[PDB]
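We use all heavy atoms of the structure for the numbers below, so side chains are in, but hydrogens, waters and symmetry mates are not. Just follow the structure's listing: the first ligand is 1, and inside any ligand the first atom is 1. Residue indices begin at 1 and follow the sequence shown.
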Amino acid sequence: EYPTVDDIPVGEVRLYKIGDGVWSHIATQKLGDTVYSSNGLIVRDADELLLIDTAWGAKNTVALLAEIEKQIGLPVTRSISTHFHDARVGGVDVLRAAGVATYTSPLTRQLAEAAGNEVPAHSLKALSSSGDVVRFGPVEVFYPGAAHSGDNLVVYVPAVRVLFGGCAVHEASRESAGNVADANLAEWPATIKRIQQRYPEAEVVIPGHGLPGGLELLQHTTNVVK
Ligand SMILES: [Zn+2]
């Protein structure tokens with residue numbers, strides 16, 4: 001049932017229910033030749049929603065808000081971007097215009113600014129060193145160390161044991177690491193092991209791109225990176 005690039009045109013967004021009060025959002029973007037599918041997360045907290053990652057640019061992020069209003073009907077009040085690439089902060093200006101309080105790690109804000117990308121408005125201050133973890137509403141945000149990028153974060157929803165790995169985690173079908181220009185290939189396996197050790201009871205693991213799986217995606221990622 002999980003949507004792929006073939007099911008979603010650029011500019012549309014689908015939601016997919018993952019567990020109680022947890023959905024992923026899936027969108028499509030085209031970079032020159034390449035067409036990607038990309039996942040974020042939505043998590044209910046009382047009568048509001050926490051959003052993890054934009055839908056890759058302003059147009060998709062507008063469609064994301066519309067689809068949330070249509071399907072869920074609760075307001076997105078806060079967001080977290082999991083790394084500095086346009087794929088995850090592109091659209092933060094749409095979120096700000098809709099009144100969302102946008103957050104990420106201080107390092108992500110710095111890298112986004114350096115890259116000329118959109119910059120979330122607020123910093124999650126206790127996330128500075130590999131291993132740092134903070135609670136934020138109904139999730140934990142974990143900085144496990146450098147991997148796909150130096151700043152990449154993962155997000156865990158403890159009530160339902162759902163781990164959003166973002167682009168630090170590859171889907172089962174993926175056999176190459178993608179854009180490695182900001183990656184730390186040497187550190188990535190150790191970063192994965194840190195995720196494994198922290199969330200040994202996770203039931204679903206959602207990669208940055210492609211099909212959700214279980215904890216097996218973590219070791220798979222290490223194998224690919226090598
Ligand atoms: Zn990226």
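Excluding water, every protein N/O/S atom under 2.8 Å from the Zn ion (ligand 1) is given here by residue and atom: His83 NE2, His85 ND1, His148 NE2.
Shown here is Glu48, whose CD atom has more than 12 heavy atoms of other residues, nucleotides or ligands within 6.0 Å.
Seen from the ring of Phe142, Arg198 counts as a face-on cation partner, given the 6.0 Å and 45° thresholds.
Here the side chains of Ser81 and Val92 are in contact, with some heavy-atom distance below 4.5 Å.
Heavy atoms only, all atoms of each residue included: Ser24 and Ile18 are closest at N-CG1, 3.7 Å.
In this structure, the ring of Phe136 has its center less than 6.0 angstrom from the ring center of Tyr103.
Every residue two or more places apart in sequence or in another chain was checked for a side-chain hydrogen bond (donor to acceptor under 3.5 Å, both in side chains) with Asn184, and none qualifies.
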